[PDB]
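Participant: Contents of upload_2.pdb (PDB, C-alpha atoms) are given next:
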```
ATOM      1  CA  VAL A 156    -154.695 214.364 173.092
ATOM      2  CA  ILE A 157    -153.649 216.966 170.524
ATOM      3  CA  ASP A 158    -155.225 220.379 171.182
ATOM      4  CA  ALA A 159    -153.808 222.373 168.285
ATOM      5  CA  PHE A 160    -153.067 225.986 169.210
ATOM      6  CA  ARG A 161    -152.326 229.396 167.725
ATOM      7  CA  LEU A 162    -150.842 232.658 168.965
ATOM      8  CA  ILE A 163    -152.674 235.808 170.037
ATOM      9  CA  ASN A 164    -151.304 239.243 169.238
ATOM     10  CA  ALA A 165    -149.776 241.234 172.076
ATOM     11  CA  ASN A 166    -151.365 244.390 170.659
ATOM     12  CA  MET A 167    -154.862 243.081 171.388
ATOM     13  CA  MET A 168    -154.094 242.504 175.070
ATOM     14  CA  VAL A 169    -152.468 245.938 175.188
ATOM     15  CA  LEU A 170    -155.627 247.196 173.500
ATOM     16  CA  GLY A 171    -157.574 244.904 175.835
ATOM     17  CA  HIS A 172    -160.133 243.910 173.197
ATOM     18  CA  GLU A 173    -160.916 240.209 173.430
ATOM     19  CA  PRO A 174    -159.911 238.311 170.267
ATOM     20  CA  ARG A 175    -161.590 235.517 168.271
ATOM     21  CA  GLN A 176    -164.890 237.467 167.963
ATOM     22  CA  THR A 177    -167.021 234.470 168.896
ATOM     23  CA  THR A 178    -170.010 234.108 166.575
ATOM     24  CA  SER A 179    -171.169 230.569 167.405
ATOM     25  CA  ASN A 180    -171.372 228.163 170.319
ATOM     26  CA  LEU A 181    -168.894 225.797 168.667
ATOM     27  CA  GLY A 182    -165.497 226.637 170.141
ATOM     28  CA  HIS A 183    -166.640 226.641 173.776
ATOM     29  CA  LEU A 184    -167.305 222.904 173.853
ATOM     30  CA  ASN A 185    -164.031 221.668 175.384
ATOM     31  CA  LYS A 186    -163.127 222.839 178.871
ATOM     32  CA  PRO A 187    -159.514 224.081 178.811
ATOM     33  CA  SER A 188    -157.163 221.911 180.831
ATOM     34  CA  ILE A 189    -156.101 223.494 184.112
ATOM     35  CA  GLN A 190    -152.511 222.483 183.391
ATOM     36  CA  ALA A 191    -152.687 224.290 180.052
ATOM     37  CA  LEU A 192    -154.511 227.242 181.600
ATOM     38  CA  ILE A 193    -151.593 227.813 183.979
ATOM     39  CA  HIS A 194    -149.439 228.615 180.953
ATOM     40  CA  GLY A 195    -150.329 231.115 178.252
ATOM     41  CA  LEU A 196    -153.736 229.634 177.458
ATOM     42  CA  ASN A 197    -156.184 232.357 176.391
ATOM     43  CA  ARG A 198    -153.406 234.778 177.400
ATOM     44  CA  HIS A 199    -150.618 234.200 174.865
ATOM     45  CA  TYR A 200    -152.370 231.696 172.579
ATOM     46  CA  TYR A 201    -155.832 230.307 171.896
ATOM     47  CA  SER A 202    -156.808 226.713 171.223
ATOM     48  CA  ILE A 203    -158.546 225.617 168.024
ATOM     49  CA  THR A 204    -161.012 222.737 167.985
ATOM     50  CA  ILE A 205    -159.607 219.586 166.380
ATOM     51  CA  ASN A 206    -161.707 216.887 164.714
ATOM     52  CA  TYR A 207    -160.964 214.036 162.325
ATOM     53  CA  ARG A 208    -161.991 212.787 158.893
ATOM     54  CA  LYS A 209    -162.822 209.089 158.561
ATOM     55  CA  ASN A 210    -164.038 207.109 155.554
ATOM     56  CA  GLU A 211    -165.134 203.505 155.149
ATOM     57  CA  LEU A 212    -162.233 202.626 152.846
ATOM     58  CA  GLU A 213    -159.867 203.844 155.555
ATOM     59  CA  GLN A 214    -161.874 202.289 158.387
ATOM     60  CA  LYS A 215    -162.672 198.971 156.721
ATOM     61  CA  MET A 216    -158.999 198.650 155.765
ATOM     62  CA  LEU A 217    -157.943 199.295 159.372
ATOM     63  CA  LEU A 218    -160.698 198.045 161.694
ATOM     64  CA  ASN A 219    -161.315 194.830 159.752
ATOM     65  CA  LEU A 220    -157.548 194.261 159.491
ATOM     66  CA  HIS A 221    -155.843 194.927 162.830
ATOM     67  CA  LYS A 222    -156.709 191.846 164.902
ATOM     68  CA  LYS A 223    -157.600 189.043 162.498
ATOM     69  CA  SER A 224    -156.466 185.499 161.786
ATOM     70  CA  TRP A 225    -156.631 183.302 158.706
ATOM     71  CA  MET A 226    -157.249 179.698 159.768
ATOM     72  CA  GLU A 227    -156.869 179.570 163.551
ATOM     73  CA  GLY A 228    -160.577 178.822 163.864
ATOM     74  CA  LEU A 229    -160.256 175.128 163.014
ATOM     75  CA  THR A 230    -157.308 174.333 165.291
ATOM     76  CA  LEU A 231    -157.837 172.055 168.236
ATOM     77  CA  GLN A 232    -155.167 173.628 170.562
ATOM     78  CA  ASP A 233    -152.974 170.721 171.609
ATOM     79  CA  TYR A 234    -155.694 168.371 172.787
ATOM     80  CA  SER A 235    -153.241 166.735 175.204
ATOM     81  CA  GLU A 236    -152.486 170.081 176.859
ATOM     82  CA  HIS A 237    -156.142 171.159 176.940
ATOM     83  CA  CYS A 238    -157.266 168.655 179.567
ATOM     84  CA  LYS A 239    -154.109 169.334 181.578
ATOM     85  CA  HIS A 240    -155.146 172.985 181.733
ATOM     86  CA  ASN A 241    -158.585 171.882 182.926
ATOM     87  CA  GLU A 242    -157.111 169.735 185.695
ATOM     88  CA  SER A 243    -154.996 172.585 187.057
ATOM     89  CA  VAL A 244    -157.875 175.073 186.947
ATOM     90  CA  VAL A 245    -160.419 172.684 188.459
ATOM     91  CA  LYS A 246    -157.999 171.636 191.190
ATOM     92  CA  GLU A 247    -157.776 175.317 192.111
ATOM     93  CA  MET A 248    -161.544 175.392 192.637
ATOM     94  CA  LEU A 249    -161.263 172.529 195.141
ATOM     95  CA  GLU A 250    -159.309 174.761 197.520
ATOM     96  CA  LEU A 251    -161.050 177.913 196.296
ATOM     97  CA  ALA A 252    -164.479 176.413 196.953
ATOM     98  CA  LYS A 253    -163.496 175.354 200.470
ATOM     99  CA  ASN A 254    -162.491 178.926 201.300
ATOM    100  CA  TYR A 255    -165.864 180.020 199.919
ATOM    101  CA  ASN A 256    -167.580 178.205 202.782
ATOM    102  CA  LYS A 257    -165.374 180.022 205.284
ATOM    103  CA  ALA A 258    -166.169 183.298 203.476
ATOM    104  CA  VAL A 259    -169.963 183.005 203.807
ATOM    105  CA  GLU A 260    -170.371 182.428 207.552
ATOM    106  CA  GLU A 261    -168.253 185.378 208.670
ATOM    107  CA  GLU A 262    -170.061 187.629 206.180
ATOM    108  CA  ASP A 263    -173.461 189.281 206.656
ATOM    109  CA  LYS A 264    -172.206 190.849 209.895
ATOM    110  CA  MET A 265    -172.589 194.368 211.238
ATOM    111  CA  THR A 266    -170.994 197.383 209.520
ATOM    112  CA  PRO A 267    -170.715 195.869 206.019
ATOM    113  CA  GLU A 268    -168.453 198.804 205.175
ATOM    114  CA  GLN A 269    -166.187 197.221 207.779
ATOM    115  CA  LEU A 270    -166.677 193.959 205.895
ATOM    116  CA  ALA A 271    -166.028 195.762 202.607
ATOM    117  CA  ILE A 272    -162.712 197.138 203.867
ATOM    118  CA  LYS A 273    -161.885 193.718 205.346
ATOM    119  CA  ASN A 274    -161.447 192.314 201.811
ATOM    120  CA  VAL A 275    -158.483 194.569 200.945
ATOM    121  CA  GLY A 276    -155.666 192.202 201.893
ATOM    122  CA  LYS A 277    -156.896 188.667 201.238
ATOM    123  CA  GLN A 278    -158.212 186.970 198.119
ATOM    124  CA  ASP A 279    -162.000 186.938 197.878
ATOM    125  CA  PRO A 280    -163.313 183.547 196.691
ATOM    126  CA  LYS A 281    -166.536 185.190 195.508
ATOM    127  CA  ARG A 282    -164.726 186.815 192.574
ATOM    128  CA  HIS A 283    -161.823 184.397 192.151
ATOM    129  CA  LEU A 284    -164.099 181.369 191.804
ATOM    130  CA  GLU A 285    -166.194 183.096 189.145
ATOM    131  CA  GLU A 286    -163.120 184.110 187.141
ATOM    132  CA  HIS A 287    -161.960 180.504 186.833
ATOM    133  CA  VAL A 288    -165.462 179.305 185.946
ATOM    134  CA  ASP A 289    -165.711 181.869 183.153
ATOM    135  CA  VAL A 290    -162.515 180.707 181.455
ATOM    136  CA  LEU A 291    -163.402 177.047 181.979
ATOM    137  CA  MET A 292    -166.753 177.259 180.203
ATOM    138  CA  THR A 293    -165.537 179.247 177.189
ATOM    139  CA  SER A 294    -162.392 177.175 176.644
ATOM    140  CA  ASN A 295    -164.310 173.896 176.456
ATOM    141  CA  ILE A 296    -167.312 175.282 174.561
ATOM    142  CA  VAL A 297    -164.985 176.585 171.859
ATOM    143  CA  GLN A 298    -162.675 173.572 172.052
ATOM    144  CA  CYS A 299    -165.548 171.084 171.958
ATOM    145  CA  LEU A 300    -167.436 172.928 169.217
ATOM    146  CA  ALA A 301    -164.435 172.891 166.890
ATOM    147  CA  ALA A 302    -164.394 169.110 167.303
ATOM    148  CA  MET A 303    -167.784 168.578 165.664
ATOM    149  CA  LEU A 304    -167.321 171.405 163.156
ATOM    150  CA  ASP A 305    -164.086 169.829 161.927
ATOM    151  CA  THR A 306    -165.582 166.336 161.804
ATOM    152  CA  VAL A 307    -167.943 167.508 159.046
ATOM    153  CA  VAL A 308    -165.752 169.969 157.114
ATOM    154  CA  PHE A 309    -163.036 167.351 156.513
ATOM    155  CA  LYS A 310    -164.489 164.073 155.219
TER
ATOM    156  CA  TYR B 142    -200.436 138.119 181.054
ATOM    157  CA  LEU B 143    -200.113 139.964 177.754
ATOM    158  CA  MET B 144    -198.159 142.772 179.429
ATOM    159  CA  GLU B 145    -195.475 140.248 180.371
ATOM    160  CA  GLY B 146    -194.334 137.321 178.280
ATOM    161  CA  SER B 147    -196.488 134.781 180.115
ATOM    162  CA  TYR B 148    -198.538 133.314 177.274
ATOM    163  CA  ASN B 149    -199.050 129.651 178.173
ATOM    164  CA  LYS B 150    -201.620 131.036 180.605
ATOM    165  CA  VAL B 151    -203.380 132.953 177.821
ATOM    166  CA  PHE B 152    -204.366 129.760 176.008
ATOM    167  CA  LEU B 153    -205.265 128.234 179.373
ATOM    168  CA  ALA B 154    -207.636 131.155 179.933
ATOM    169  CA  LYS B 155    -208.730 130.964 176.285
ATOM    170  CA  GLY B 156    -210.534 127.751 177.242
ATOM    171  CA  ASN B 157    -212.014 129.278 180.409
ATOM    172  CA  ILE B 158    -214.418 132.149 179.725
ATOM    173  CA  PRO B 159    -216.885 133.560 182.287
ATOM    174  CA  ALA B 160    -219.639 134.874 180.034
ATOM    175  CA  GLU B 161    -219.795 132.646 176.947
ATOM    176  CA  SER B 162    -217.598 131.310 174.155
ATOM    177  CA  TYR B 163    -216.478 134.922 173.543
ATOM    178  CA  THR B 164    -214.840 133.587 170.381
ATOM    179  CA  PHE B 165    -215.700 136.853 168.624
ATOM    180  CA  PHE B 166    -212.746 138.340 170.537
ATOM    181  CA  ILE B 167    -210.313 135.450 170.980
ATOM    182  CA  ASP B 168    -210.006 135.492 167.197
ATOM    183  CA  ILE B 169    -208.860 139.106 167.543
ATOM    184  CA  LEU B 170    -206.227 138.137 170.114
ATOM    185  CA  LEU B 171    -204.776 135.585 167.684
ATOM    186  CA  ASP B 172    -203.646 138.510 165.539
ATOM    187  CA  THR B 173    -202.145 140.233 168.593
ATOM    188  CA  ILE B 174    -200.328 137.105 169.858
ATOM    189  CA  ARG B 175    -198.813 135.310 166.865
ATOM    190  CA  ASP B 176    -197.487 138.562 165.415
ATOM    191  CA  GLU B 177    -195.855 139.347 168.762
ATOM    192  CA  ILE B 178    -194.425 135.858 169.299
ATOM    193  CA  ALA B 179    -192.831 135.833 165.852
ATOM    194  CA  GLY B 180    -191.373 139.286 166.460
ATOM    195  CA  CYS B 181    -189.746 138.193 169.710
ATOM    196  CA  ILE B 182    -188.173 135.120 168.103
ATOM    197  CA  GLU B 183    -186.848 137.357 165.310
ATOM    198  CA  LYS B 184    -183.787 138.301 167.382
ATOM    199  CA  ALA B 185    -180.258 137.080 166.695
ATOM    200  CA  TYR B 186    -180.936 133.498 167.783
ATOM    201  CA  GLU B 187    -179.655 130.341 166.142
ATOM    202  CA  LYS B 188    -181.488 127.664 164.169
ATOM    203  CA  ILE B 189    -184.818 126.405 165.497
ATOM    204  CA  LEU B 190    -186.167 123.229 163.924
ATOM    205  CA  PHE B 191    -189.736 122.948 162.678
ATOM    206  CA  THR B 192    -190.594 120.792 165.692
ATOM    207  CA  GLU B 193    -190.752 123.229 168.611
ATOM    208  CA  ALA B 194    -192.494 126.062 166.758
ATOM    209  CA  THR B 195    -194.926 123.543 165.248
ATOM    210  CA  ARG B 196    -196.326 121.768 168.327
ATOM    211  CA  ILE B 197    -195.926 124.688 170.745
ATOM    212  CA  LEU B 198    -199.130 126.711 170.846
ATOM    213  CA  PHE B 199    -202.160 124.615 169.836
ATOM    214  CA  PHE B 200    -201.458 122.750 166.570
ATOM    215  CA  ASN B 201    -199.710 119.435 165.951
ATOM    216  CA  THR B 202    -198.498 119.575 162.323
ATOM    217  CA  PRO B 203    -200.471 122.105 160.278
ATOM    218  CA  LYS B 204    -199.462 124.109 157.204
ATOM    219  CA  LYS B 205    -200.005 127.492 158.882
ATOM    220  CA  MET B 206    -196.321 127.959 159.693
ATOM    221  CA  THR B 207    -195.455 127.273 156.053
ATOM    222  CA  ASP B 208    -197.654 130.254 155.246
ATOM    223  CA  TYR B 209    -196.367 131.860 158.448
ATOM    224  CA  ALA B 210    -192.775 131.444 157.290
ATOM    225  CA  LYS B 211    -193.697 132.670 153.808
ATOM    226  CA  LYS B 212    -195.056 136.040 154.972
ATOM    227  CA  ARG B 213    -192.280 136.364 157.555
ATOM    228  CA  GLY B 214    -188.637 135.568 156.834
ATOM    229  CA  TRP B 215    -187.043 132.409 158.238
ATOM    230  CA  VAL B 216    -185.243 131.396 155.059
ATOM    231  CA  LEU B 217    -185.842 127.740 154.235
ATOM    232  CA  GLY B 218    -182.769 125.521 154.275
ATOM    233  CA  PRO B 219    -181.671 122.010 155.293
ATOM    234  CA  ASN B 220    -184.132 121.965 158.186
ATOM    235  CA  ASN B 221    -182.172 125.085 159.139
ATOM    236  CA  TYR B 222    -183.860 128.335 160.164
ATOM    237  CA  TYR B 223    -181.805 131.469 160.769
ATOM    238  CA  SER B 224    -182.598 134.692 162.613
ATOM    239  CA  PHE B 225    -179.692 137.110 162.177
ATOM    240  CA  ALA B 226    -179.629 140.567 163.771
ATOM    241  CA  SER B 227    -176.517 142.750 163.542
ATOM    242  CA  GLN B 228    -177.554 146.342 164.371
ATOM    243  CA  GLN B 229    -173.829 147.135 164.183
ATOM    244  CA  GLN B 230    -173.229 148.775 160.792
ATOM    245  CA  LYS B 231    -175.649 151.607 161.585
ATOM    246  CA  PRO B 232    -174.141 152.435 165.025
ATOM    247  CA  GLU B 233    -170.582 153.689 165.575
ATOM    248  CA  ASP B 234    -170.956 156.969 163.696
ATOM    249  CA  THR B 235    -170.641 160.576 164.829
ATOM    250  CA  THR B 236    -170.993 162.564 161.584
ATOM    251  CA  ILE B 237    -174.764 162.584 162.069
ATOM    252  CA  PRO B 238    -174.114 163.191 165.797
ATOM    253  CA  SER B 239    -171.818 165.989 164.649
ATOM    254  CA  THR B 240    -174.707 168.116 163.391
ATOM    255  CA  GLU B 241    -176.789 167.392 166.497
ATOM    256  CA  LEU B 242    -173.855 168.090 168.817
ATOM    257  CA  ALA B 243    -172.973 171.341 167.056
ATOM    258  CA  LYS B 244    -176.483 172.685 167.603
ATOM    259  CA  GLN B 245    -176.360 171.587 171.236
ATOM    260  CA  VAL B 246    -173.133 173.354 172.190
ATOM    261  CA  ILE B 247    -174.133 176.523 170.352
ATOM    262  CA  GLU B 248    -177.231 176.674 172.548
ATOM    263  CA  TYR B 249    -174.981 176.539 175.606
ATOM    264  CA  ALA B 250    -173.109 179.450 174.056
ATOM    265  CA  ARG B 251    -176.399 181.112 173.124
ATOM    266  CA  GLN B 252    -177.849 180.918 176.633
ATOM    267  CA  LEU B 253    -174.534 181.845 178.253
ATOM    268  CA  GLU B 254    -173.818 185.204 176.573
ATOM    269  CA  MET B 255    -176.952 186.915 175.260
ATOM    270  CA  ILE B 256    -179.407 188.476 177.710
ATOM    271  CA  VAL B 257    -182.781 186.743 177.920
TER
END
```
Take the structure in the file and write it out as structure tokens.

Facilitator:
Amino acid sequence: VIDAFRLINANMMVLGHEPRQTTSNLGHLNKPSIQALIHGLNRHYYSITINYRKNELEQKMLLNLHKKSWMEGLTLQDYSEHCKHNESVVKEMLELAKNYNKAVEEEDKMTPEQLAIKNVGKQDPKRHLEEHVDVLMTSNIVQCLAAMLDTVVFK
Amino acid sequence: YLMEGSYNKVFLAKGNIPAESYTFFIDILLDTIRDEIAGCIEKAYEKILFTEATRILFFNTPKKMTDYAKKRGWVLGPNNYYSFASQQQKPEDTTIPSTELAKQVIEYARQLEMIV
């Protein structure tokens, strides 16, 4: 959000002749913001299109630098705490799964829009159960995989 | 009888043939029996004197076992035959399992993210 601007002469408006003498369909690509139009947009000043210059040396030294780590790949993340995390998450599926049963019978009723609005105050096991499953599978797949990868890299 | 270990019956049937002597085939079975019997006894058992294995099948005191022992193992000692089987040094390793396991889990990752 920049939208660089410039002033228009008061003589032109007094003369009434439109400024900027458009000679290409390049400036009329961005719809002026209504908030900006309320003020002196196209009345006391005119916007100028703004673009950016990017090069690989700049990009590769920013994109391939921002979120990176050196050696965290081969770290087993507190093996004692890992299974404890699993127990807490899995135990949540025991109660979450039970509520799933109670959330299947009462569904598939008339006016599903009524059913759709009926899920605006209470947790929906359909989505909550999936969220836990997603984290569970990735955490162990990564955690387990590092176990065999390390067992060959180091002796 | 051959499918199970019951072999004392095989020699009993070897002397009872319906068609004829059929010896042109019984000779073939000898190769398929003695080789199997020796293999079974090859396990981690203890010493067996040259008195059971000698008078067991059909023969009293031949020299066949002497040749039999020669082509098999059964180191000769003070009337002492050994059959040692450890199969313990090879097991108890995961480095080789490490490569197999790594491929396995990656497939779980492969078939869990990319669209088929």

Participant: For the provided coordinates, the residues matched by the ChimeraX specification (/B :<9) & /A should be stated as a ChimeraX atom specification.

Facilitator: /A:293,296-297,299-304,306-307

Participant: Given all atoms listed in the file as the basis, pick out the residue of A:272, A:162, A:226, A:184 nearest to residue A:199.

Facilitator: A:162

Participant: What gap, in Å, lies between atom CA of residue A:200 and atom CA of residue A:160?

Facilitator: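 Atom-to-atom, atom CA of residue A:200 and atom CA of residue A:160 are spaced 6.7 Å apart.
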
Participant: What is the atom CA of residue B:255 to atom CA of residue A:308 distance in Å?

Facilitator: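 If I compute the distance from atom CA of residue B:255 to atom CA of residue A:308, I get 27.2 Å.
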
Participant: Would you mind reading off the distance between atom CA of residue B:254 and atom CA of residue A:290, one decimal, in Å?

Facilitator: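 The value is 13.1 Å.
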
Participant: Spell out the residues picked by the PyMOL selection byres ((chain B and resi 186) around 7) here, as a PyMOL selection string.

Facilitator: chain B and resi 184-185+187-188+224-225

Participant: Evaluating the PyMOL selection byres ((chain B and resi 149-152) around 12) on the displayed file yields which residues, as JSON, numbers by chain?

Facilitator: {"B": [142, 143, 144, 145, 146, 147, 148, 153, 154, 155, 156, 157, 158, 167, 168, 170, 171, 173, 174, 178, 197, 198, 199]}

Participant: Is it possible to get the residues within 12 Å of (-193.8, 133.5, 157.8) (coordinates as in the file, counting only C-alpha atoms) written as a list in words?

Facilitator: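 Looking at atoms near the point gives residues 175, 176, 178, 179, 180, 182, 183, 194, 204, 205, 206, 207, 208, 209, 210, 211, 212, 213, 214, 215, 216, 217 and 222 of chain B.
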
Participant: Could you pull the residues within 10 Å of residue A:254, counting all atoms listed in the file, minus those fewer than 2 positions along the same chain, as a PyMOL selection string?

Facilitator: chain A and resi 248-252+256-259+278-281+284
